[PDB]
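Presented below, as C-alpha cells, is a lone chain in the form deposited in one PDB entry.
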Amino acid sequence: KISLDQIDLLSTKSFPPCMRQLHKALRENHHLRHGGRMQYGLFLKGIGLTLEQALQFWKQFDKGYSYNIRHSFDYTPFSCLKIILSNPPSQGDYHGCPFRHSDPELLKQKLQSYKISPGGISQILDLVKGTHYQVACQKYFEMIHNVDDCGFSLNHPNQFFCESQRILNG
C-alpha cells in the first residue's frame, strides 16, 4: 500500500491532461464517480499500479472514501479514441478528454493554470477548434517537456506516459 498523494508530482510531470484532471479531482473530492474510477483506475493499471477504494471506519458532504495505490506485480485501459468518442462526462463526472469535452474558455483557464505559455495555449486552442484533439495533446506534451517535436503519434494515455518517462529519464 502506497499513499495516493505520492504520485502528485508524477501526475503533473507525466500524466496526460485527461488523467491529470482525474488525479486532481480524486485528491480534492476524495471520490470519483464510476466513469472517472474506470478511466483513471485502468490508466493506473496500464502502468502496473492498482488503484484501491476503501470506506473509512468513521463513515456512518464527506462520503467517507479513501483511495490508495498498490504496486501490481480484465478491463482494458482506455485509448484516446475510446475516451474521446464514448462516455461523454455528465456534470458529476471528471472523466473524458479535456481537449474534446471542456468548454474552450474553461479549457483555456485550465491550460493557464498549467503554466502553458500564451503562444502554446493559442496553438492548442487552434487545434481544438479543428477537432484535432490528439494533436493538441501532442502540443501540450511538447510544451510541458520543452521539446520541439514529441516524436510519436499519440493514440493512448499510457503511451503519453511512457514517452514522457522516456524523455524525463534522459
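One rule holds for the numbers: they count along the sequence shown, beginning at 1. Note that the rigid core is defined as the largest set of C-alphas that superpose within 1.5 Å between two forms.
The stretch of deposited sequence separating residue 113 from residue 114 contains no residues lacking coordinates in this entry. With 105-113 and 133-141 compared on mean CA B-factor from the PDB entry, the stretch scoring higher is 105-113. Once the C-alpha B-factors are averaged per stretch, 144-152 and 18-26 rank with 144-152 first.
When the C-alpha B-factors of 95, 100, 71, 82 are ranked from the entry, the top spot goes to 71.
Among the modelled residues of the chain, residue 7 sits in the middle third by CA temperature factor in this PDB entry.
Per the PDB record, residue ranking by Cα B-factor puts residue 43 in the lowest third of the chain.
Only in words, not in the display: the form deposited in another entry, which the text now covers.
For the residues 53, 117, 131, 109, superposed on the rigid core between this form and the one not shown, a C-alpha shift of 2 angstroms or more shows up only at 53.
In comparison with the shown form, the Cα-Cα distance of residue 11 and residue 66 increases by at least 3 angstroms in the other form. Figure legend: C-alpha atoms of residue 86 and residue 52, shown here, are separated by at least 3 angstroms more in the other form.
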